[PDB]
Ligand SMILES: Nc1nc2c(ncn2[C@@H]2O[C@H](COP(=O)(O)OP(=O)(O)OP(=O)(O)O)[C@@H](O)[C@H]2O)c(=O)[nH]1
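Just the one chain here, the form deposited without this ligand, laid out as structure tokens.
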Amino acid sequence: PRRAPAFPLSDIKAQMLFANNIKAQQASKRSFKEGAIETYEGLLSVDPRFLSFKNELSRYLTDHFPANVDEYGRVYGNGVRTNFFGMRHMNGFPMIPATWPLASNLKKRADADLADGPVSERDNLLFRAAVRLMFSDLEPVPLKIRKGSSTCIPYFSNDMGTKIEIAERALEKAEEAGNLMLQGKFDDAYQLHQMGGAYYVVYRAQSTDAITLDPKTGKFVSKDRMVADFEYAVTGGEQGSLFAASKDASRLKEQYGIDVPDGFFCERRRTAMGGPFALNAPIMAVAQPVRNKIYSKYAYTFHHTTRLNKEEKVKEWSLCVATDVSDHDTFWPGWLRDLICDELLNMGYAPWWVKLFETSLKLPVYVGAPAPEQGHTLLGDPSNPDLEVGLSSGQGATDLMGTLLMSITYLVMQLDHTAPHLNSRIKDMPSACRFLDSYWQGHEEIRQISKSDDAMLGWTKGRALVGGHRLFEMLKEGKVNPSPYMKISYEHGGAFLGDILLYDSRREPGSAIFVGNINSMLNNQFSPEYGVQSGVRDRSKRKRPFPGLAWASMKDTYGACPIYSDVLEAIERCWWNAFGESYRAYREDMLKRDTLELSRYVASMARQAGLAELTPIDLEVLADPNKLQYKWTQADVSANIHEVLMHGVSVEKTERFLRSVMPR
């Protein structure tokens, strides 16, 4: 039922994706790469003392602090949701092979019994009302770009000046490019304006993944991660195979001379994609104003900052249901892209802009290196973008696409199973908009707090409450999917945006508190996704600019966890055993060094200004800016800190661009 076309790197269609420069040519050819990460300056992830430390600590913590999660997935007592074995990976060494991305998810969705469009007129009105509320009265803002981020296809530039030029030129030429695409002239739009081509597939480490200790054998077992081979990916699963990738790390001894202790595995690898920057810039210029609207007008549902900010909302609920979505990005439906585009056209959005947006969600994918001797293949034809990959991670509005799908999916679930008495309020577009506007502000008896695939669904006192309890019971039973749109279950150890919802004996939201996840502290400190990149001179361009700073925000982030002190003492004891040094003194030195280094980057900071004016969010973000891409937003960060990590295109250029896109 239609295999996607595939082109080797030697083909002209793949060659056209890479400009005539060293960086672009190296990106096209990059072979499978692996190696120990520099966890901290002068410390490799595979250092024998470090692995000895991880073995002792993971075993001790699991033993003394077993998971406290009830039958309904609610966390209580110690605030622990699983074992501590997730740290037992040889960081920088991936599972083999990584998956080939699916060119079409239509069969995947159909086989999972998920709908190929809105089920009812009510659902159609609600998805369309989400578009009308999110994209209406937007205000122009500067187009902010992450420092050191790549422009990907075709230039592969990491230079801010070049990126600003590309973005400004893209805002000037988006109209002409969109109009070419409306004529079916995709090759012309790409050749002239670099709008099109493909996503560039990079495989990112998920540094910690599930590991269990079999009591019968005393041997560790890593969670099997299913991967698709090339045949499966091009045929959307009609042909080829879906098999468990190998996480076995024994190979590292033979290949690299690295000692592999018992129960240490290769890391899980996830597909991540980088979009063609010239196509993303006009999308980002609309996406940022949309975020500003939803985080202000609909702050209740969408704007999440601190554990207390989340707590104030949840405490008012009679029932809180922490949901889980299976493989959100790959299941994300192309019919939603089409519905969104159709609704934007109805609202009066520039057709050329809608075409650019539509094209960004149908684009071919260039597969780099999933395994040794594999990859270097373009999936899909850039002359006529027609892929159904789901949601591409590097698309300019991915967070909004996932948020829109999921927010409506959860509301539909609440309507179907708990609140049929609210159906009469959704008769047409004006009434659907009024209802959704009220629901998103937290003014209804059914409520939610969400971000992409993470959410907590709420019920206050009223007619829907009884239904709310039946839905929770249906989720616990796990025999029937409560949604026609996505695969929904309950989260095993309910958490929202990193914070665990800690319940007491009553198991009620009113007396539950949000606490930091102690396991995430351990993941961040001992299993970072990236190395320190000590060879990258400009720290603001690194994946981890100032790692030492996270020590200063630790107490604020994790201090509320019941076992906080216990974990820090266990770390100290185990680090003494492994290195013959104080971990606390080691982190205090790193904190001092990074505080001093930070002042070189902040204009307002004198030669030794200190961290006094910085918030815990500022510190977590400076140590890990990836938190600014999934956890927080621009407004949550101090202005002088945001400038360290981002640079912008003037509001004058974006204001003119936005006026040309938006209705009258």
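Residue indices: 1-based, along the sequence shown.
The deposited model assigns a higher average Cα B-factor to 211 to 219 than to the other stretch when 211 to 219 and 514 to 522 are compared. Comparing 281 to 289 with 259 to 267, the stretch with the higher mean C-alpha B-factor in the PDB entry is 259 to 267. Residues shown: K543, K107, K362, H376. Highest C-alpha temperature factor in the entry: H376. When the C-alpha B-factors of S505, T99, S157, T409 are ranked from the entry, the top spot goes to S505. Annotation for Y298: CA B-factor lies in the lowest third of the chain's modelled residues.
In the PDB entry, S10 places in the middle third of its chain by CA B-factor. Among the modelled residues of its chain, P616 has a C-alpha B-factor that falls in the highest third according to the deposited record.
Placement of the Cα temperature factor of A606 within the chain: highest third of the modelled residues, per the deposited record.
For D70, the recorded CA temperature factor ranks within the highest third of the chain's modelled residues.
The same protein also exists as the form deposited with this ligand bound; that form is not shown, yet it is the one meant from here on.
Stretch-level contact check against this ligand in the deposited complex with heavy atoms at 4.5 Å: of 610 to 618, 628 to 636, 25 to 33, 61 to 69, the positive one is 628 to 636. Note on contacts: among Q206, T306, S383, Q533, the single residue with a heavy atom within 4.5 Å of this ligand in the deposited complex is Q206. A heavy atom within 4.5 Å of this ligand in the deposited complex is found for exactly one of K355, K108, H328, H417: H328. Under a 4.5 angstroms non-hydrogen atom cutoff, this ligand in the deposited complex has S393 among its neighbouring residues. Shown alone here, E445 lies farther than 4.5 Å from this ligand in the deposited complex, counting heavy atoms only. Though the partner is left out of this view, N517 does reach within 4.5 Å of this ligand in the deposited complex, counting heavy atoms only. This ligand in the deposited complex is not approached by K427, whose heavy atoms all lie more than 4.5 angstroms from it.
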